[PDB]
């Protein structure tokens, strides 16, 4: 109902993809030197992460040049008015798991943003908790002076004519740490190498634009059962970013908490507020949760997120946060009957959103850790608090999904089914999902990533096929809102 495909546009025939085998701790040191592209985590690296952004009549897309032998960082600008796709090839090539390019590293997406204030392009890429270390360190010195990888353009590059959309619009690293004339990777976003430690050991670049046109950016520090979210802001006036400031303290047990915890979720700018929603991973390994537990949520009344944080009830939040209890909504673990240590498994299936009408929505998924037990239990959960309601409605009458999106008066589930995009739609503040759209002909897709804007879903997709160089398409789906 109202949902329709506006355009499908091919971006390239050969974007990088890991067609090889799934290495592991024992074997990651013997990666196949043949044509196939082995990998350590997942196969996806193109059309993956924060890799698609609409700017005016353009859409910018980021990707890794295909061919296990190529792997170059790529940026393409698509002119939805003329149909032209102009692409810049950067010198940096995917460096793989812990710095060995023969092992595909699906964490190492290419995040993307374009400033509406000054038309600068911003790219953070190919990162997974890298630091300065030496030969005896886990990274064998492969990221010295290059553990945070930022590229960015002079002002106005976004709107430049097709002929001028070239690498020369981007700023070289000419600092004392520069690695040569093809060095386009900056170690910090502040333009001050003194901040470099502030940009160390980070993963997952993600950009948002404030309601006032300000670029926001956050990344993950750490992981497993000890992590933190860090965020900063783009100062267009001066063409540099602020330093990262934390949402929560790392090493919570040293900051007054009973235990360390990692975060599995996202910060999002929604309704003009920086917000966060996540499930934690406590370092406690004797309680009932093998991995994650809980659903947590908070928002900041400060335009930049520097303080004035509150939980869903408007209660002030200790900031930076130490104890996740302050912002706990509910416990998904309560929906499965097990209590023995590590018996409750929560990993996949979590996301959240807040509608323009201030409906708050969480989805998650809980199952028995032991898949073989006779009393195996598995549920998907949808927890939502309608705008003016007092308490959350929490139901297992829900099929499960990996993401939830919102636009206008609605929430959406969007993904691939048998290789073809579908859209499910429900009113904000309800559990009333219905399939309202399902592509049913054409080349099928392996995977993709979605960006919501303009009442449209921009579905940046990779086409199914063999090998490690596959085509990419952009679909612009009107959501009918």
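Numbering follows the first chain given and starts at 1.
Exercise. Could you check which stretch, 90-98 or 227-235, carries the larger mean CA temperature factor in the entry?
Key: Of 227-235 and 90-98, the stretch with the higher C-alpha B-factor average is 90-98.
Practice problem: Would you tell me which stretch averages the higher CA B-factor in the PDB entry, 61-69 or 27-35? | Solution: The entry gives the higher C-alpha B-factor average to 27-35.
Quiz item: Which of these, 315, 378, 334, 162, has its C-alpha atom at the highest B-factor, as the entry lists it?
Solution: Result of the comparison over 315, 378, 334, 162: 162.
Quiz item: Which one of 130, 184, 352, 319 shows the top CA temperature factor in the record?
Solution: Among 130, 184, 352, 319, the highest C-alpha B-factor in the entry belongs to 184.
Quiz prompt | Within-chain third of residue 251 by Cα B-factor, per the entry | solution = Residue 251: CA B-factor falls in the lowest third of its chain.
Practice problem: For residue 412, return the chain-relative third of its C-alpha B-factor as stated in the PDB record: lowest, middle or highest. | Solution: Tercile = lowest for this residue's CA B-factor.
Quiz item: By the record's CA B-factor, is residue 402 among the lowest, middle or highest third of residues in the chain?
Solution: Its C-alpha B-factor belongs to the lowest third of this chain's values.
Exercise. Would you please rank residue 16 by its C-alpha temperature factor against the other modelled residues of its chain and give the third it falls in: lowest, middle or highest?
Key: Its C-alpha B-factor, which the entry lists for residue 16, ranks in the middle third among residues of this chain.
Quiz item: residue 280's Cα B-factor: lowest, middle or highest third of the chain?
Solution: Its C-alpha B-factor, which the entry lists for residue 280, ranks in the lowest third among residues of this chain.
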